[PDB]
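> structural data only, the sequence is not supplied:
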RNA sequence: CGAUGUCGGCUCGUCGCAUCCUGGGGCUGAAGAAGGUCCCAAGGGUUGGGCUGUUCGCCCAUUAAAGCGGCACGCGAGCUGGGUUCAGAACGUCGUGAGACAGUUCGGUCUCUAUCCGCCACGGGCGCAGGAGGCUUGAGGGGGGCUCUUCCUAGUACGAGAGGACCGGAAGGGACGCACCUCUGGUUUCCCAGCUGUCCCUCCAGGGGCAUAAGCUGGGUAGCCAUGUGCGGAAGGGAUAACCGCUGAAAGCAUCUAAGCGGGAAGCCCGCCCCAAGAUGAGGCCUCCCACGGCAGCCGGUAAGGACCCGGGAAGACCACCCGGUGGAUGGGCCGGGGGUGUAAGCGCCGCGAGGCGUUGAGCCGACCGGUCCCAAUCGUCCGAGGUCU
Ligand SMILES: [Mg+2]
Ligand SMILES: [Mg+2]
Ligand SMILES: [Mg+2]
Ligand SMILES: [Mg+2]
Ligand SMILES: [Mg+2]
Ligand SMILES: [Mg+2]
Ligand SMILES: [Mg+2]
Ligand SMILES: [Mg+2]
Ligand SMILES: [Mg+2]
Ligand SMILES: [Mg+2]
Ligand SMILES: [Mg+2]
Ligand SMILES: [Mg+2]
Ligand SMILES: [Mg+2]
Ligand SMILES: [Mg+2]
Ligand SMILES: [Mg+2]
Ligand SMILES: [Mg+2]
Ligand SMILES: [Mg+2]
Ligand SMILES: [Mg+2]
Ligand SMILES: [Mg+2]
Ligand SMILES: [Mg+2]
Ligand SMILES: [Mg+2]
Ligand SMILES: [Mg+2]
Ligand SMILES: [Mg+2]
Ligand SMILES: [Mg+2]
Ligand SMILES: [Mg+2]
Ligand SMILES: [Mg+2]
Ligand SMILES: [Mg+2]
Ligand SMILES: [Mg+2]
Ligand SMILES: [Mg+2]
Ligand SMILES: [Mg+2]
Ligand SMILES: [Mg+2]
Ligand SMILES: [Mg+2]
Ligand SMILES: [Mg+2]
Ligand SMILES: [Mg+2]
Ligand SMILES: [Mg+2]
Ligand SMILES: [Mg+2]
Ligand SMILES: [Mg+2]
Ligand SMILES: [Mg+2]
Ligand SMILES: [Mg+2]
Ligand SMILES: [Mg+2]
Ligand SMILES: [Mg+2]
Ligand SMILES: [Mg+2]
Ligand SMILES: [Mg+2]
Ligand SMILES: [Mg+2]
Ligand SMILES: [Mg+2]
Ligand SMILES: [Mg+2]
Ligand SMILES: [Mg+2]
Ligand SMILES: [Mg+2]
Ligand SMILES: [Mg+2]
Ligand SMILES: [Mg+2]
Ligand SMILES: [Mg+2]
Ligand SMILES: [Mg+2]
Ligand SMILES: [Mg+2]
Ligand SMILES: [Mg+2]
Ligand SMILES: [Mg+2]
Ligand SMILES: [Mg+2]
Ligand SMILES: [Mg+2]
Ligand SMILES: [Mg+2]
Ligand SMILES: [Mg+2]
Ligand SMILES: [Mg+2]
Ligand SMILES: [Mg+2]
Ligand SMILES: [Mg+2]
Ligand SMILES: [Mg+2]
Ligand SMILES: [Mg+2]
Ligand SMILES: [Mg+2]
Ligand SMILES: [Mg+2]
Ligand SMILES: [Mg+2]
Ligand SMILES: [Mg+2]
Ligand SMILES: [Mg+2]
Ligand SMILES: [Mg+2]
Ligand SMILES: [Mg+2]
Ligand SMILES: [Mg+2]
Ligand SMILES: [Mg+2]
Ligand SMILES: [Mg+2]
Ligand SMILES: [Mg+2]
Ligand SMILES: [Mg+2]
Ligand SMILES: [Mg+2]
Ligand SMILES: [Mg+2]
Ligand SMILES: [Mg+2]
Ligand SMILES: [Mg+2]
Ligand SMILES: [Mg+2]
Ligand SMILES: [Mg+2]
Ligand SMILES: [Mg+2]
Ligand SMILES: [Mg+2]
Ligand SMILES: [Mg+2]
Ligand SMILES: [Mg+2]
Ligand SMILES: [Mg+2]
Ligand SMILES: [Mg+2]
Ligand SMILES: [Mg+2]
Ligand SMILES: [Mg+2]
Ligand SMILES: [Mg+2]
Ligand SMILES: [Mg+2]
Ligand SMILES: [Mg+2]
Ligand SMILES: [Mg+2]
Ligand SMILES: [Mg+2]
Ligand SMILES: [Mg+2]
Ligand SMILES: [Mg+2]
Ligand SMILES: [Mg+2]
Ligand SMILES: [Mg+2]
Ligand SMILES: [Mg+2]
Ligand SMILES: [Mg+2]
Ligand SMILES: [Mg+2]
Ligand SMILES: [Mg+2]
Ligand SMILES: [Mg+2]
Ligand SMILES: [Mg+2]
Ligand SMILES: [Mg+2]
Ligand SMILES: [Mg+2]
Ligand SMILES: [Mg+2]
Ligand SMILES: [Mg+2]
Ligand SMILES: [Mg+2]
Ligand SMILES: [Mg+2]
Ligand SMILES: [Mg+2]
Ligand SMILES: [Mg+2]
Ligand SMILES: [Mg+2]
Ligand SMILES: [Mg+2]
Ligand SMILES: [Mg+2]
Ligand SMILES: [Mg+2]
Ligand SMILES: [Mg+2]
Ligand SMILES: [Mg+2]
Ligand SMILES: [Mg+2]
Ligand SMILES: [Mg+2]
Ligand SMILES: [Mg+2]
Ligand SMILES: [Mg+2]
Ligand SMILES: [Mg+2]
Ligand SMILES: [Mg+2]
Ligand SMILES: [Mg+2]
Ligand SMILES: [Mg+2]
Ligand SMILES: [Mg+2]
Ligand SMILES: [Mg+2]
Ligand SMILES: [Mg+2]
Ligand SMILES: [Mg+2]
Ligand SMILES: [Mg+2]
Ligand SMILES: [Mg+2]
Ligand SMILES: [Mg+2]
Ligand SMILES: [Mg+2]
Ligand SMILES: [Mg+2]
Ligand SMILES: [Mg+2]
Ligand SMILES: [Mg+2]
Ligand SMILES: [Mg+2]
Ligand SMILES: [Mg+2]
Ligand SMILES: [Mg+2]
Ligand SMILES: [Mg+2]
Ligand SMILES: [Mg+2]
Ligand SMILES: [Mg+2]
Ligand SMILES: [Mg+2]
Ligand SMILES: [Mg+2]
Ligand SMILES: [Mg+2]
Ligand SMILES: [Mg+2]
Ligand SMILES: [Mg+2]
Ligand SMILES: [Mg+2]
Ligand SMILES: [Mg+2]
Ligand SMILES: [Mg+2]
Ligand SMILES: [Mg+2]
Ligand SMILES: [Mg+2]
Ligand SMILES: [Mg+2]
Ligand SMILES: [Mg+2]
Ligand SMILES: [Mg+2]
Ligand SMILES: [Mg+2]
Ligand SMILES: [Mg+2]
Ligand SMILES: [Mg+2]
Ligand SMILES: [Mg+2]
Ligand SMILES: [Mg+2]
Ligand SMILES: [Mg+2]
Ligand SMILES: [Mg+2]
Ligand SMILES: [Mg+2]
Ligand SMILES: [Mg+2]
Ligand SMILES: [Mg+2]
Ligand SMILES: [Mg+2]
Ligand SMILES: [Mg+2]
Ligand SMILES: [Mg+2]
Ligand SMILES: [Mg+2]
Ligand SMILES: [Mg+2]
Ligand SMILES: [Mg+2]
Ligand SMILES: [Mg+2]
Ligand SMILES: [Mg+2]
Ligand SMILES: [Mg+2]
Ligand SMILES: [Mg+2]
Ligand SMILES: [Mg+2]
Ligand SMILES: [Mg+2]
Ligand SMILES: [Mg+2]
Ligand SMILES: [Mg+2]
Ligand SMILES: [Mg+2]
Ligand SMILES: [Mg+2]
Ligand SMILES: [Mg+2]
Ligand SMILES: [Mg+2]
Ligand SMILES: [Mg+2]
Ligand SMILES: [Mg+2]
Ligand SMILES: [Mg+2]
Ligand SMILES: [Mg+2]
Ligand SMILES: [Mg+2]
Ligand SMILES: [Mg+2]
Ligand SMILES: [Mg+2]
Ligand SMILES: [Mg+2]
Ligand SMILES: [Mg+2]
Ligand SMILES: [Mg+2]
Ligand SMILES: [Mg+2]
Ligand SMILES: [Zn+2]
Ligand SMILES: [Zn+2]
């Protein structure tokens, strides 16, 4: 190869147009039925230890 | 690098 | 699957023992020859005082291939060597004996005298 | 392409991955429940279930077969005398993977528990 | 058909006609047929 | 010159960018007899065409002067 | 649906059960219906079964025989209608499912490696004693 | 012009006149006429076929209303056969007889991101003689300052397969109507279990 | 000249047409067959080798043919580096010499990261005046487009004979293209077995690690594949080119033309296959929800629907697409079948023993075809119309 290199400085408008896709999405959170605390679905509740109606781990 | 000789 | 550079044993008594394929006589640009196809070949090894001699450019029909030939009945057949019978421009053998079995495909392709002279048609 | 290919690679060559499943098997049959990353946990189920099912068979042949992976006669002895009887009437499904809520701090890895079923 | 830039009568039985924007020579002798081109 | 074919092409050997891109080499073919003469003696195609035609003539002459001798 | 069952159902009209069981290492004689110019005749191909690749109705087997100084291998569909009959000529004992290695063996070398399978020879002699 | 929806079952081969016939098995029957496109209403002629009954618990209200207007049980797949007006309200394999020639359309197998060699049969590069990290590369893609660009449609690496492919003029080897089975000679796009469409050939 | 890398090869093409072949013609010193010559025609095709760095050229064996050119003598931020084109050395030659040479000879550092245009793929956003789920028309694009041999007609027409047709009709190929995995043939990183050295478990027996990122070897399912299989080039309609006419003046004849009408190419349009309504000119059909509440706008709560999350998938870089989510057979397990390996361990018997025999087609056993709720797709959350004007 022959060491490609930017031909022009990227403008403030262009670099920020590139970043139009970089916003995070907030995490999906559901209320845990046992203790009402918000937590990701399909995970053992890290607050009360519950999943699928029963206790699965100590907290 | 070769030369234009 | 015979192509240029391929060596074949000679299954006749012309005196040629080994021919080297130089052309697949099958249209403009055939990649391979199988049983019943004709090739042009150089004679790479011959026994003394034969019909043909080393260095001759000759024609031959392929009679056995190591690549298996498949058949409409769903079967196949495979030989231990690649072998050919030297012929003239009228497709007739140039020797008087044919050594070893030959593919029945040769019958279907008008090499009847060869089929006649072979000790087994398979 | 990977069309209809079964089996995860986990960025380990063939012997490292085999040894990985063996060691995770030993830890699981030892502690009953272990935490690991989600993909490892999913793959561990079948590796361990097979060793438990062979233990449920109980013959000498099965014991020597289980021994090729577990290597530990005490642990195999615990497998045949304590673990396997719990599953006599169970037709597979001896292991359970539930996913944890909080990721590993230093690399973001999603975690899960794998445990023997009751 | 002769195709050339100079088309003329070759024999006394030749006929110069203009059909379809082109000059032709026609003749009972088929050697003498000419198109200008 | 109607029974003669003249081929031009790049020459062999030294010259740098010049010899790489210049059709200085010449071949002259006597089409009936088939005998050829080549010349890349100079840098110029026209000089090599002239020298090649000279040698070709001289050689066809010796061929004609020799069959005349054998008769 | 059950795609496997559909294919087996399509195939079942073409399945045979008249042929004797054989194994790689056995010497076998396939009488094969062969067309020759106009007519059809039966041609016997006898040799050692060096391979049986299984796929239900699509099973094929390969038979090897040295014919007039040249090795010949014929590959047969096990359920082809072109096969008149297969006669077991001999039971050989092999240690592996595919006998490719016998292509590079001498005559005595094959004789030594594929010895007579007494067990299945006795099974063959005990059968045919059902009169 | 007749047609039917079907599923690729798998390949096998049958024997017919002492010949092995490679076949692909298709499960085509039965397809209920769900809507007929007419010149008066739609500007063209076609029959919307259904295929495979579906769990009504998974069929939303817009689709349930569509099936209702036909009095037809909910169906997994709706495809139109263009320029086809069957007599009945159901289409079965019976529309084909052994010996006819059909066109089969399916969704090819997806190679994903495919190299220039797999996708376009390019020659790639040499494997020795100094070839430097280009063994599967496409080589030159243009000229120089004229035209100074790359043509549209340029053969390059990219996605391959999982696209509509129609293979044409296939022999109908057999029709087994009690199982809704069509047997076709040769190869048919896509994987086992794929949806296919079987039309009367356009070859003559 | 504060650098526009210079030959040939390779790779990938694309264009021109002054056409190499194939298609259509006129003239022929065209009997037929085969040629010559010119005209039309760029749709497709245009082989493999020996020599040399070669371009070029010659040669071998074929072919329908083995076209010629443009694209920075197309293409080195795509590869090569044999030649050219530095520093070493040598021969011939020139020079007293240092050195010199379109003279020769052997050797001689070719730079991981693509910003913008362009190109191949794939998404995100908004738009297409209600909000939605399907199914579609095809403007416009793209793909493709080759050709040979044999047979019949008929050994006829033609020819003294040798030779040997048109027209029409069959059959079989080569190369290329798309798809496919039944067959043939590959792979198959752990699916089975055998084998050595060493260390270990547990002493025997049986096993495990390592010898590669498989220690080695014999095999090998599914998948992915070609060497394997199917299928394609069309047919057909239309309009034409050169060319051939009909009728027919000007110009009592003649004229394909000036009025008008025919015939006529592998080319052109359509036809075939694929894309496609961002076709902002944003199309059509079938179905679904519906006038909600608060000062062409805002604010919520909803509808039909959708997304999030999860189980996955011959779908896939991510994304997307597709299926499934307990009213469930989606993955995992388990079971049956297929498939591979080829007769496990243990035991008993024979042998001094290595081993052999039997139990036994046994044991093991990825992915393939199925069954089975045993394990996991728990529980949910958030979006999402109220329809401008004439
Ligand atoms: Mg580079
Ligand atoms: Mg470079
Ligand atoms: Mg480099
Ligand atoms: Mg760089
Ligand atoms: Mg700049
Ligand atoms: Mg920049
Ligand atoms: Mg700036
Ligand atoms: Mg700014
Ligand atoms: Mg800035
Ligand atoms: Mg930018
Ligand atoms: Mg800013
Ligand atoms: Mg970025
Ligand atoms: Mg954010
Ligand atoms: Mg011989
Ligand atoms: Mg001989
Ligand atoms: Mg010699
Ligand atoms: Mg000699
Ligand atoms: Mg001979
Ligand atoms: Mg790939
Ligand atoms: Mg893929
Ligand atoms: Mg890969
Ligand atoms: Mg799988
Ligand atoms: Mg594995
Ligand atoms: Mg890695
Ligand atoms: Mg790694
Ligand atoms: Mg990594
Ligand atoms: Mg690592
Ligand atoms: Mg290792
Ligand atoms: Mg442990
Ligand atoms: Mg604890
Ligand atoms: Mg841990
Ligand atoms: Mg881990
Ligand atoms: Mg398993
Ligand atoms: Mg015991
Ligand atoms: Mg979970
Ligand atoms: Mg940390
Ligand atoms: Mg860290
Ligand atoms: Mg998470
Ligand atoms: Mg004149
Ligand atoms: Mg006249
Ligand atoms: Mg000239
Ligand atoms: Mg030059
Ligand atoms: Mg030189
Ligand atoms: Mg110099
Ligand atoms: Mg030099
Ligand atoms: Mg110059
Ligand atoms: Mg199947
Ligand atoms: Mg023998
Ligand atoms: Mg022995
Ligand atoms: Mg025995
Ligand atoms: Mg499909
Ligand atoms: Mg479809
Ligand atoms: Mg698909
Ligand atoms: Mg495929
Ligand atoms: Mg590639
Ligand atoms: Mg390829
Ligand atoms: Mg491809
Ligand atoms: Mg290549
Ligand atoms: Mg290659
Ligand atoms: Mg390499
Ligand atoms: Mg290099
Ligand atoms: Mg490179
Ligand atoms: Mg390399
Ligand atoms: Mg490249
Ligand atoms: Mg440039
Ligand atoms: Mg350049
Ligand atoms: Mg430009
Ligand atoms: Mg795709
Ligand atoms: Mg396609
Ligand atoms: Mg056909
Ligand atoms: Mg039939
Ligand atoms: Mg059925
Ligand atoms: Mg300069
Ligand atoms: Mg500068
Ligand atoms: Mg500058
Ligand atoms: Mg510079
Ligand atoms: Mg060109
Ligand atoms: Mg022209
Ligand atoms: Mg022509
Ligand atoms: Mg012509
Ligand atoms: Mg003639
Ligand atoms: Mg004549
Ligand atoms: Mg002519
Ligand atoms: Mg002319
Ligand atoms: Mg052309
Ligand atoms: Mg050549
Ligand atoms: Mg050589
Ligand atoms: Mg060469
Ligand atoms: Mg050369
Ligand atoms: Mg030269
Ligand atoms: Mg010629
Ligand atoms: Mg010709
Ligand atoms: Mg250049
Ligand atoms: Mg060039
Ligand atoms: Mg270049
Ligand atoms: Mg370079
Ligand atoms: Mg270069
Ligand atoms: Mg460049
Ligand atoms: Mg550059
Ligand atoms: Mg570049
Ligand atoms: Mg550049
Ligand atoms: Mg060099
Ligand atoms: Mg070098
Ligand atoms: Mg210097
Ligand atoms: Mg001297
Ligand atoms: Mg002096
Ligand atoms: Mg002097
Ligand atoms: Mg001197
Ligand atoms: Mg000098
Ligand atoms: Mg010099
Ligand atoms: Mg010179
Ligand atoms: Mg030199
Ligand atoms: Mg020298
Ligand atoms: Mg040099
Ligand atoms: Mg050296
Ligand atoms: Mg580098
Ligand atoms: Mg960029
Ligand atoms: Mg720019
Ligand atoms: Mg761009
Ligand atoms: Mg979009
Ligand atoms: Mg509208
Ligand atoms: Mg609206
Ligand atoms: Mg929609
Ligand atoms: Mg949908
Ligand atoms: Mg459409
Ligand atoms: Mg269009
Ligand atoms: Mg447009
Ligand atoms: Mg078009
Ligand atoms: Mg065409
Ligand atoms: Mg005749
Ligand atoms: Mg007649
Ligand atoms: Mg004659
Ligand atoms: Mg004809
Ligand atoms: Mg093409
Ligand atoms: Mg393909
Ligand atoms: Mg496939
Ligand atoms: Mg298969
Ligand atoms: Mg296969
Ligand atoms: Mg195979
Ligand atoms: Mg294993
Ligand atoms: Mg060991
Ligand atoms: Mg031991
Ligand atoms: Mg160790
Ligand atoms: Mg190691
Ligand atoms: Mg090694
Ligand atoms: Mg090993
Ligand atoms: Mg292996
Ligand atoms: Mg293999
Ligand atoms: Mg396989
Ligand atoms: Mg295989
Ligand atoms: Mg396979
Ligand atoms: Mg494939
Ligand atoms: Mg192939
Ligand atoms: Mg074809
Ligand atoms: Mg055609
Ligand atoms: Mg017309
Ligand atoms: Mg008149
Ligand atoms: Mg008239
Ligand atoms: Mg007019
Ligand atoms: Mg007309
Ligand atoms: Mg007419
Ligand atoms: Mg479409
Ligand atoms: Mg739209
Ligand atoms: Mg659309
Ligand atoms: Mg607008
Ligand atoms: Mg509007
Ligand atoms: Mg527009
Ligand atoms: Mg509008
Ligand atoms: Mg619309
Ligand atoms: Mg419309
Ligand atoms: Mg969606
Ligand atoms: Mg996935
Ligand atoms: Mg995705
Ligand atoms: Mg992601
Ligand atoms: Mg993904
Ligand atoms: Mg996402
Ligand atoms: Mg869903
Ligand atoms: Mg749910
Ligand atoms: Mg399931
Ligand atoms: Mg299951
Ligand atoms: Mg899975
Ligand atoms: Mg089985
Ligand atoms: Mg079996
Ligand atoms: Mg035994
Ligand atoms: Mg045993
Ligand atoms: Mg033992
Ligand atoms: Mg034993
Ligand atoms: Mg004893
Ligand atoms: Mg033994
Ligand atoms: Mg078995
Ligand atoms: Mg095992
Ligand atoms: Mg098992
Ligand atoms: Mg099984
Ligand atoms: Mg399959
Ligand atoms: Mg059930
Ligand atoms: Mg909840
Ligand atoms: Zn909780
Ligand atoms: Zn005249």
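Right, received. Where do you want to start? Numbering: from 1, shown residues only, chains lettered A, B, ... in the order given. Ligands and ions are numbered 1, 2, ... in the order given.
> all contacts plus neighbour counts: C-alpha atoms, from now on.
Will do.
> the longest helix along chain D close to RNA strand I?
Using DSSP state H to define each element, chain D has its longest helix at helix D:38-57. Yes. With Cα under 7 Å from any atom of the strand as the criterion, RNA strand I is reached by helix D:38-57 at D:42-43, D:45-47, D:49-50, D:53.
> now for that helix, which elements pack on it?
helix D:14-31, helix D:60-70, strand D:95-99, strand D:111-116 (3 or more Cα pairs under 8 Å, 6 or more residues apart in numbering or on different chains; DSSP states H and E).
> not counting its neighbours along the chain, what's nearest residue 38?
Using chain A here. Distances taken as Cα to Cα, 6 or more residues apart in numbering or on different chains place residue A:31 nearest to residue A:38, at 4.4 Å, with adjacent residues excluded.
> nope, chain H
Using Cα to Cα, 6+ apart, the nearest residue to residue H:38 is residue H:45, at 4.8 Å.
> that neighbour: how many residues sit nearby?
17 (other Cα atoms under 10 Å in any protein chain shown).
> show me the contacts for it.
Each residue near residue H:45 by Cα atoms under 8 Å, 6 or more residues apart in numbering or on different chains is listed here: H:36-39, H:82-85.
> repeat for residue C:40
By Cα under 8 Å, 6+ apart, residue C:40 lies in contact with C:21-25, C:57-60.
> which SS state does it fall under?
strand (DSSP: H, G, I helix; E, B strand; the rest coil).
> give the bridge partners for it, please.
Residue C:40 has these beta-bridge partners by DSSP bridges: residue C:23, residue C:59.
> still on that earlier bit, show me which of the contacts of residue H:45 are buried.
The neighbour count (16 or more other Cα atoms under 10 Å in any protein chain shown) marks H:36-37, H:82-85 as buried among the contacts of residue H:45.
> who does the longest strand belonging to chain G touch, helix- and strand-wise?
When chain G is parsed with DSSP state E, its longest strand is strand G:39-53. Where contact means 3+ Cα pairs under 8 Å, 6+ apart, strand G:39-53 is packed against strand G:27-36, strand G:60-67.
> what residues sit buried inside that strand?
G:43-52.
> need the residues you listed in TSV (columns: distance to ligand 10).
Below are the buried residues of strand G:39-53 laid out as TSV (distance: Cα to the ion, whole Å):
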residue	distance to ligand 10
G:43	77
G:44	77
G:45	74
G:46	75
G:47	73
G:48	72
G:49	69
G:50	66
G:51	63
G:52	63
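> how about JSON lines for those, with distance to residue H:129 added?
Shown next, in JSON lines, are the buried residues of strand G:39-53 (distance: Cα to Cα, whole Å):
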{"residue": "G:43", "distance to residue H:129": "53"}
{"residue": "G:44", "distance to residue H:129": "53"}
{"residue": "G:45", "distance to residue H:129": "49"}
{"residue": "G:46", "distance to residue H:129": "50"}
{"residue": "G:47", "distance to residue H:129": "47"}
{"residue": "G:48", "distance to residue H:129": "46"}
{"residue": "G:49", "distance to residue H:129": "45"}
{"residue": "G:50", "distance to residue H:129": "42"}
{"residue": "G:51", "distance to residue H:129": "41"}
{"residue": "G:52", "distance to residue H:129": "43"}
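> what about residue E:3, distance to ligand 31?
Spatial separation of residue E:3 from ligand 31 under the definition Cα to the ion, to the nearest Å is 93 Å.
> equivalent analysis for residue D:111, please.
Residue D:111 is 8 Å from ligand 31, where distance means Cα to the ion.
> how many residues are close by that residue?
When counting by other Cα under 10 Å, one arrives at 21 neighbours for residue D:111.
> what's the answer for residue C:46, then?
Counted with other Cα under 10 Å, residue C:46 comes out at 19.
> distance of residue D:45 relative to residue D:92?
Per Cα to Cα, to the nearest Å, residue D:45 is found 10 Å from residue D:92.
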